[PDB]
Amino acid sequence: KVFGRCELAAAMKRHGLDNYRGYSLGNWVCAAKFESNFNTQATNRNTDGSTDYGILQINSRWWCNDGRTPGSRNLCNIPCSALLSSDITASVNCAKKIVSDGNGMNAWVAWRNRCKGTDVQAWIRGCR
Ligand SMILES: CC(=O)N[C@H]1[C@H](O[C@H]2[C@H](O)[C@@H](O)CN[C@@H]2CO)O[C@H](CO)[C@@H](O[C@@H]2O[C@H](CO)[C@@H](O)[C@H](O)[C@H]2NC(C)=O)[C@@H]1O
């Protein structure tokens with residue numbers, strides 16, 4: 001599913017991401033925008049043999065199991081395909097673990113390069 005911007009904001013807010021680990025809702029929306037363009041089905045392969053999955057491009061070397069990634073830790077204890085669901089619950093629960101692990105949202109490369117330091121609140125403009 002391709003979420004609308006405010007639709008995703010509302011889902012993320014309901015799931016407790018607004019200010020989770022001190023990151024305002026716009027940070028999370030901005031991260032999803034540039035990681036997946038709001039597409040829950042997005043997948044992308046990386047050079048180390050891992051793949052990124054879903055709305056928040058969660059990586060299979062660390063967080064989920066896809067059965068084909070060398071050195072995979074599966075720290076969210078979930079199959080990577082669960083992170084492609086139209087329901088963002090699993091991705092949110094896993095993202096909460098990721099952002100709590102020491103480097104905050106720097107875990108998301110697109111967030112660091114395209115969101116960090118910017119007017120991220122603009123990503124929730126007009127949303128109710
Ligand atoms: C969301 C996520 O899974 N983040 C990973 C991060 O994934 C990137 C990947 O690096 C890119 O090549 C493609 N897109 C993904 C999402 O933007 O990868 C990081 C390492 O490259 C990883 O950070 C490591 O996390 C573990 C567990 O928290 C730590 O123990 C390490 O210290 C982290 N290593 C570094 C260098 O920060 C993200 O979790």
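Position 1 is the first residue of the sequence; numbering continues from there. Just so you know, ligand 1 is whichever comes first in the structure, and atom 1 is the first atom listed for that ligand. Side-chain atoms are counted along with the backbone in the values below, which use heavy atoms only and exclude waters and symmetry mates.
For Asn46, the side chain to side chain contact (heavy atoms under 4.5 Å, CB included) partners are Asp48, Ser50, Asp52, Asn59, not counting sequence neighbours.
The list of salt bridge (charged side-chain N to carboxylate O under 4.0 Å, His left out) pairs with a residue in residues 7-33, not counting sequence neighbours, reads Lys1-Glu7.
There is no path of hydrophobic side-chain contacts, each under 4.5 Å, that joins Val109 to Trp62.
In summary, the side chains of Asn39 and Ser36 do not present any donor paired with an acceptor at a separation below 3.5 Å, with no hydrogens or angles considered. A side-chain donor from one of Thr51 and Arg68 sits under 3.5 Å from a side-chain acceptor of the other.
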Which atom pairs, nitrogen or oxygen on both sides, join ligand 1 and the protein at under 3.5 angstrom?
from: ligand 1; atom 1: 3 (O); to: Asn59; atom 2: N; distance (Å): 2.9
from: ligand 1; atom 1: 3 (O); to: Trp63; atom 2: NE1; distance (Å): 3.3
from: ligand 1; atom 1: 4 (N); to: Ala107; atom 2: O; distance (Å): 2.9
from: ligand 1; atom 1: 14 (N); to: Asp52; atom 2: OD2; distance (Å): 2.5
from: ligand 1; atom 1: 17 (O); to: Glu35; atom 2: OE2; distance (Å): 2.9
from: ligand 1; atom 1: 17 (O); to: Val109; atom 2: N; distance (Å): 3.1
from: ligand 1; atom 1: 28 (O); to: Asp101; atom 2: OD2; distance (Å): 2.4
from: ligand 1; atom 1: 37 (O); to: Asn103; atom 2: ND2; distance (Å): 3.2
from: ligand 1; atom 1: 39 (O); to: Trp63; atom 2: NE1; distance (Å): 2.9

Donor-acceptor pairs under 3.5 Å, side chain of residues 83-97 to any protein atom, not counting sequence neighbours: which ones?
from: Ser85; atom 1: OG; to: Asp87; atom 2: N; distance (Å): 3.1
from: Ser85; atom 1: OG; to: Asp87; atom 2: O; distance (Å): 3.4
from: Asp87; atom 1: OD1; to: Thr89; atom 2: N; distance (Å): 3.0
from: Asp87; atom 1: OD1; to: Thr89; atom 2: OG1; distance (Å): 2.6
from: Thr89; atom 1: OG1; to: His15; atom 2: NE2; distance (Å): 3.1
from: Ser91; atom 1: OG; to: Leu83; atom 2: O; distance (Å): 3.4
from: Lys96; atom 1: NZ; to: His15; atom 2: O; distance (Å): 2.8

